[PDB]
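*Asks:* Got a structure here, written out as structure tokens. Questions coming.
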Amino acid sequence: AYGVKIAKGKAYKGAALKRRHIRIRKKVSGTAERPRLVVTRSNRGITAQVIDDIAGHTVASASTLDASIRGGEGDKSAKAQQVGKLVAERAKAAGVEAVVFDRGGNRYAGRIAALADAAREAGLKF
Amino acid sequence: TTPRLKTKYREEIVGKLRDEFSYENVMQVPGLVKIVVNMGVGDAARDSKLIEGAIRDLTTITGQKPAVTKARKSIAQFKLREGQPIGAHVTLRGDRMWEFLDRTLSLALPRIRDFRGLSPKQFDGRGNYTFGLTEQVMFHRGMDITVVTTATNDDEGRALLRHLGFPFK
Amino acid sequence: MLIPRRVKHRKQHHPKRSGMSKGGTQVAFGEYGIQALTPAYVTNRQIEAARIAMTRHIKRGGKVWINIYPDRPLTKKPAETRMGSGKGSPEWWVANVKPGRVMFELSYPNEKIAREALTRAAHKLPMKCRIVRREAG
Amino acid sequence: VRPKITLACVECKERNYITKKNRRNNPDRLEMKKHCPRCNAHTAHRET
Amino acid sequence: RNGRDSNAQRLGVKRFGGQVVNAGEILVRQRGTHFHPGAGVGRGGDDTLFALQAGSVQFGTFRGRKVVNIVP
RNA sequence: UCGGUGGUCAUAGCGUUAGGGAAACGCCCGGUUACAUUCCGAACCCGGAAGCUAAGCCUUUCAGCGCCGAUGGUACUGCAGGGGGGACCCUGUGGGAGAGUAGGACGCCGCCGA
RNA sequence: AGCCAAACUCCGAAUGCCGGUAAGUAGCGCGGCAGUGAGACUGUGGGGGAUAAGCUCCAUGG
RNA sequence: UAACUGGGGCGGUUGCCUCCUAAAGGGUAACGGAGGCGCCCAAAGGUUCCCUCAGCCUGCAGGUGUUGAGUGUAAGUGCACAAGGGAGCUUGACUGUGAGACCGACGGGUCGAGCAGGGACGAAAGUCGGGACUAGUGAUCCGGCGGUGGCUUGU
């Protein structure tokens, strides 16, 4: 969208991430053939949904709130592997082969790389 | 090894400030955020070698590698051109900040000549303190000490500095 | 004598003269005013001559405001020069006064003297003028 | 001040490209890599 | 010392709303981005707006900025 | 009833007043490695869950600043005529602002997840 | 607080222009042959001139 | 042994770019009103990533500040989503092409999808055929230099 303002002291993390998210969304749009693959990176877990911005609806979605991940062994990095796998499955189910990854504002490393790789080996073409 | 001042803060300072200002939540209690020491060698425009000695001194006193600042604007009266180095600064955080604070307060600060105390009115109106040093040999050129706290106003910061032991007039 | 100490463009077009005044049609500062009835250009000399007329007549007390300022430059070429070869240098400074504009304002205790001073000014101006009193809004 | 240089790699010995370059700024013979159409490769074209 | 001018450039909108175009036609010639490229519209080297796909031209406001759009 | 991601782009904002922690979000405490600082685990990156709603975030009061804003009229004007010594002024028919006034407004509309 | 601005604009018509469509009554492609390329006044919107000219230079009608 | 020219001479001008005149598409004259150009950058190009300024207040630090700073170079249209600022890597400042269009009486000027080759950057989507855009230039004739091997007087 039209970017957000700047912040002061606190809320600088939030503003900077959001401002960074807009930067990434001026070249990554959710089409009909390849939907958007937003990935939010919180402190607890990591969610990832497959949005269709042209229409506005969401096609697939997966996060750490699902039973498959909610409670188990492993650190966050390995914990995103489950999230990557399901969303790939939930995307394959609803007729999706190629998607456009977006970072969400955070950098591509750690979980974001790990989540991408887990989703990428499941069939989806980035 | 947690620094003496870091410890003393966590056990004794935190509670008594909460008692003095009657704070409902502990996390609101002011604390030290960072310590920034500045030095400005405007003469460096005339001799760039002077800055090298400055890096050596600052490295020695605090234990980090200064970052040399470059002239943001070109000023004719100071014959200053944009882009040439004019000074160095260091931002200390965490234990290194706490350790440096212990050394200056307990050792170097009394070594001021004719020292009756440092002024209590040198706050910037938001709880952050600043006082400048006229000579470097104070540590076992003038350099500015800037103390950045979480205080919201002067008295909360002044109370915290009091309790940390700074000798205010 | 009123001149703009600084003006962005020395050479300007002739300020058009159709229509009524945008504003300044009513007495604002003083108690009495001169309202124009026809368009004209009032040169800085004409304003000065009118101002002396009012101030001299009252001779003391009273205060005169000049609501218009001659800031539009008019140009004139050197005499006996053929047409062409650029625009002339500015000579007269004119305020574009339209019908309805209140030009001069005057406050004075005595009404009769006020009207007399205002009339003396009007005869120094190049348009038809009317004396207006401050409406008690 | 800025003369026209003619680039050339060490293989095709065909003058491919020409460009401007400030002499006094880059006195050292300038060099970069281009697409030589004879060689059909991304070789290095040392300034002549 | 006056009397100099640059010959006219014929800028402006070249296809208006409701006008059917073929892919690649020039829609707008402009200096800077007075109109931004929208769906199916590309930006040229000199701010020129040209259609990427055949359709009708349609102006609008996408994300708080005037854009041109091609509707197949 | 809250979290994520979109549309309109202030009737949404700014400020002000009273609050909230069930999951969630965040603060938050640490730097072992991967990673990083023109210097600083403040930021990015990594691993958890001690305390907490104090701030962010969400909810809420106020029309206070900002914002939106008619109808009627007027300026102006296409076409067709008048008047004036001239600068210019007026009308018939069709269209019709800007400012200002009465007022509005402390957003609204989608998709998912808990 | 009241004002001014071709090269100021928070705003902003009437007309005009581009395309679609309905009704009503010349257009275009390809070739042969030209003349014209010194314009005038009057209505309206302007510039130069001096709030001149049966002046001069533009735009739009007769 | 030039022309323009409110007679001619004297003075001034002749090409390109920006603004106003120019009457809300485009175009539109005067010896009308203001200015610039005959370059520069081996990064001031490409890509990936990151940041937000000027000004003001307080004692480098803090609060405020949404565009009033900056944009190599004149003005204008834009740029705060940055096209402004800072780093990593690089040479697309490519070779073979041009669906379809804009502007010119014409010569010509301008934009351009998609494809192939062979590359840069990025995980990827993708972007890259010089520079935020518009001036920084000169038709043909003749001739010089490098390449390639097509051909000319019996062989």
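Naming scheme: A, B, ... for chains in displayed order of the structure tokens; residues 1 onward per chain; ligands 1 onward as shown.
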Residues within 10 Å of stretch 27-44 of chain D, please, as a PyMOL selection string. Count only C-alpha atoms (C1' of nucleotides); anything in the same chain fewer than 3 positions from it doesn't count.

*Replies:* (chain D and resi 5+7-17+21-24+47-48) or (chain H and resi 42+91-92+94-96+117-119)

*Asks:* Output the contact residues of chain H with respect to chain B at a cut-off of 9 Å, based on only C-alpha atoms (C1' of nucleotides), as a list in words.

*Replies:*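 Therefore, the residues near the partner are residues 58, 59, 60, 61, 62 and 63 of chain H.
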
*Asks:* Can you tell me how far atom CA of residue A:46 sits from atom CA of residue A:78, in Å to one decimal?

*Replies:*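 That distance, rounded to one decimal, is 11.1 Å.
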
*Asks:* What's the 10 Å shell around residue F:43, counting only C-alpha atoms (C1' of nucleotides), without same-chain residues fewer than 6 positions away, as a PDB file with C-alpha atoms (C1' of nucleotides), in the first residue's frame?

*Replies:*
ATOM      1  CA  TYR A  12      10.341   1.450  15.778  1.00  0.00           C
ATOM      2  CA  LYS A  13      10.618  -2.318  15.330  1.00  0.00           C
TER       3      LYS A  13
ATOM      4  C1'   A F  36      26.268  -8.332  11.953  1.00  0.00           C
ATOM      5  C1'   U F  37      27.636  -3.473  13.620  1.00  0.00           C
TER       6        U F  37
END

*Asks:* Kindly provide, as a list in words, the residues of chain G having any atom no farther than 12 Å from an atom of chain C, counting only C-alpha atoms (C1' of nucleotides).

*Replies:*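 Close enough to count are residues 1, 2, 3, 4, 5, 6, 7, 8, 46, 47, 48, 49, 50, 51, 55, 56 and 57 of chain G.
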
*Asks:* Have a look at atom CA of residue E:62 and atom CA of residue E:41 and let me know their distance in Å, one decimal.

*Replies:*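 It comes out at 12.8 Å.
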
*Asks:* Quick one: everything within 7 Å of stretch 79-93 of chain A, counting only C-alpha atoms (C1' of nucleotides), minus sequence neighbours fewer than 4 positions away in the same chain. Send it as a ChimeraX atom specification.

*Replies:* /A:46,60-64,69,74-75,97,111,114-116,118-119,122,124

*Asks:* Give me the residues of chain A that have any atom at most 7 Å from an atom of chain F; for each, the nearest atom pair and the distance in Å, rounded to one decimal. Use only C-alpha atoms (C1' of nucleotides), sort by chain and number, and format it as JSON lines.

*Replies:*
{"residue": "A:10", "atom": "CA", "partner": "F:56", "partner_atom": "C1'", "distance": 6.4}
{"residue": "A:11", "atom": "CA", "partner": "F:56", "partner_atom": "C1'", "distance": 5.4}
{"residue": "A:53", "atom": "CA", "partner": "F:6", "partner_atom": "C1'", "distance": 6.4}
{"residue": "A:56", "atom": "CA", "partner": "F:6", "partner_atom": "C1'", "distance": 6.0}
{"residue": "A:57", "atom": "CA", "partner": "F:111", "partner_atom": "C1'", "distance": 4.3}
{"residue": "A:58", "atom": "CA", "partner": "F:111", "partner_atom": "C1'", "distance": 5.8}

*Asks:* Specify as a list in words all residues of chain H found within 6 Å of chain A, counting only C-alpha atoms (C1' of nucleotides).

*Replies:*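 So the residues of chain H near chain A are residues 81, 124 and 125 of chain H.
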
*Asks:* I'd like to know which residues of stretch 3-132 of chain B are strand (DSSP E) (by DSSP, run on the backbone); could you write them as an MDAnalysis selection string?

*Replies:* chainID B and resid 32:40 67:70 85:92 129:132

*Asks:* Could you list, as a list in words, the residues of chain E having an atom within 12 Å of chain F when counting only C-alpha atoms (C1' of nucleotides)?

*Replies:* residues 61, 62, 63, 64 and 65 of chain E

*Asks:* So the first atom is atom CA of residue B:47 and the second is atom CA of residue B:80; what is the distance between them in Å, to one decimal place?

*Replies:* 12.5 Å

*Asks:* Determine, for each residue of chain H having at least one atom at most 9 Å from an atom of chain E, the closest pair of atoms and their separation in Å to one decimal, counting only C-alpha atoms (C1' of nucleotides); order by chain and ascending number, as JSON lines.

*Replies:*
{"residue": "H:12", "atom": "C1'", "partner": "E:1", "partner_atom": "CA", "distance": 8.6}
{"residue": "H:13", "atom": "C1'", "partner": "E:3", "partner_atom": "CA", "distance": 8.9}
{"residue": "H:16", "atom": "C1'", "partner": "E:6", "partner_atom": "CA", "distance": 7.4}
{"residue": "H:17", "atom": "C1'", "partner": "E:6", "partner_atom": "CA", "distance": 6.2}
{"residue": "H:18", "atom": "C1'", "partner": "E:6", "partner_atom": "CA", "distance": 7.8}
{"residue": "H:25", "atom": "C1'", "partner": "E:12", "partner_atom": "CA", "distance": 7.4}
{"residue": "H:26", "atom": "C1'", "partner": "E:10", "partner_atom": "CA", "distance": 6.1}
{"residue": "H:27", "atom": "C1'", "partner": "E:8", "partner_atom": "CA", "distance": 7.9}
{"residue": "H:31", "atom": "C1'", "partner": "E:3", "partner_atom": "CA", "distance": 8.8}
{"residue": "H:32", "atom": "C1'", "partner": "E:3", "partner_atom": "CA", "distance": 7.1}
{"residue": "H:33", "atom": "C1'", "partner": "E:2", "partner_atom": "CA", "distance": 7.3}
{"residue": "H:34", "atom": "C1'", "partner": "E:2", "partner_atom": "CA", "distance": 7.7}
{"residue": "H:76", "atom": "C1'", "partner": "E:31", "partner_atom": "CA", "distance": 8.8}
{"residue": "H:77", "atom": "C1'", "partner": "E:31", "partner_atom": "CA", "distance": 5.0}
{"residue": "H:78", "atom": "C1'", "partner": "E:32", "partner_atom": "CA", "distance": 4.5}
{"residue": "H:79", "atom": "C1'", "partner": "E:32", "partner_atom": "CA", "distance": 8.5}
{"residue": "H:99", "atom": "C1'", "partner": "E:24", "partner_atom": "CA", "distance": 7.8}
{"residue": "H:100", "atom": "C1'", "partner": "E:24", "partner_atom": "CA", "distance": 5.1}
{"residue": "H:101", "atom": "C1'", "partner": "E:25", "partner_atom": "CA", "distance": 4.3}
{"residue": "H:102", "atom": "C1'", "partner": "E:26", "partner_atom": "CA", "distance": 6.1}
{"residue": "H:103", "atom": "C1'", "partner": "E:10", "partner_atom": "CA", "distance": 6.7}
{"residue": "H:110", "atom": "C1'", "partner": "E:46", "partner_atom": "CA", "distance": 9.0}
{"residue": "H:111", "atom": "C1'", "partner": "E:44", "partner_atom": "CA", "distance": 6.0}
{"residue": "H:112", "atom": "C1'", "partner": "E:24", "partner_atom": "CA", "distance": 6.5}
{"residue": "H:113", "atom": "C1'", "partner": "E:24", "partner_atom": "CA", "distance": 6.1}
{"residue": "H:132", "atom": "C1'", "partner": "E:32", "partner_atom": "CA", "distance": 7.2}
{"residue": "H:133", "atom": "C1'", "partner": "E:46", "partner_atom": "CA", "distance": 5.3}
{"residue": "H:134", "atom": "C1'", "partner": "E:31", "partner_atom": "CA", "distance": 6.8}

*Asks:* Counting only C-alpha atoms (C1' of nucleotides), collect the residues of chain G whose closest atom lies at most 9 Å from chain E, and write them out as a PyMOL selection string.

*Replies:* chain G and resi 18-20

*Asks:* Kindly export the residues of the current selection with N, CA, C and O atoms (P, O5', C5', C4', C3', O3' and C1' of nucleotides), as a PDB file, in the first residue's frame.

*Replies:*
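Dumped everything to again16.pdb:
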ATOM      1  P     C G  18     -10.974  15.772 -32.009  1.00  0.00           P
ATOM      2  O5'   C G  18     -10.669  14.582 -30.997  1.00  0.00           O
ATOM      3  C5'   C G  18      -9.358  14.051 -30.878  1.00  0.00           C
ATOM      4  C4'   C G  18      -9.323  12.829 -29.994  1.00  0.00           C
ATOM      5  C3'   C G  18     -10.327  11.735 -30.310  1.00  0.00           C
ATOM      6  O3'   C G  18      -9.960  10.924 -31.412  1.00  0.00           O
ATOM      7  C1'   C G  18     -10.317  12.127 -27.992  1.00  0.00           C
ATOM      8  P     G G  19     -11.097  10.328 -32.380  1.00  0.00           P
ATOM      9  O5'   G G  19     -11.852   9.253 -31.482  1.00  0.00           O
ATOM     10  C5'   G G  19     -11.308   7.956 -31.304  1.00  0.00           C
ATOM     11  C4'   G G  19     -11.998   7.193 -30.201  1.00  0.00           C
ATOM     12  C3'   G G  19     -13.407   6.708 -30.489  1.00  0.00           C
ATOM     13  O3'   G G  19     -13.448   5.548 -31.299  1.00  0.00           O
ATOM     14  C1'   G G  19     -13.319   7.644 -28.324  1.00  0.00           C
ATOM     15  P     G G  20     -14.754   5.232 -32.174  1.00  0.00           P
ATOM     16  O5'   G G  20     -15.856   4.838 -31.097  1.00  0.00           O
ATOM     17  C5'   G G  20     -15.709   3.674 -30.297  1.00  0.00           C
ATOM     18  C4'   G G  20     -16.904   3.457 -29.405  1.00  0.00           C
ATOM     19  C3'   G G  20     -18.258   3.469 -30.087  1.00  0.00           C
ATOM     20  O3'   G G  20     -18.566   2.240 -30.719  1.00  0.00           O
ATOM     21  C1'   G G  20     -18.348   4.785 -28.129  1.00  0.00           C
TER      22        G G  20
END
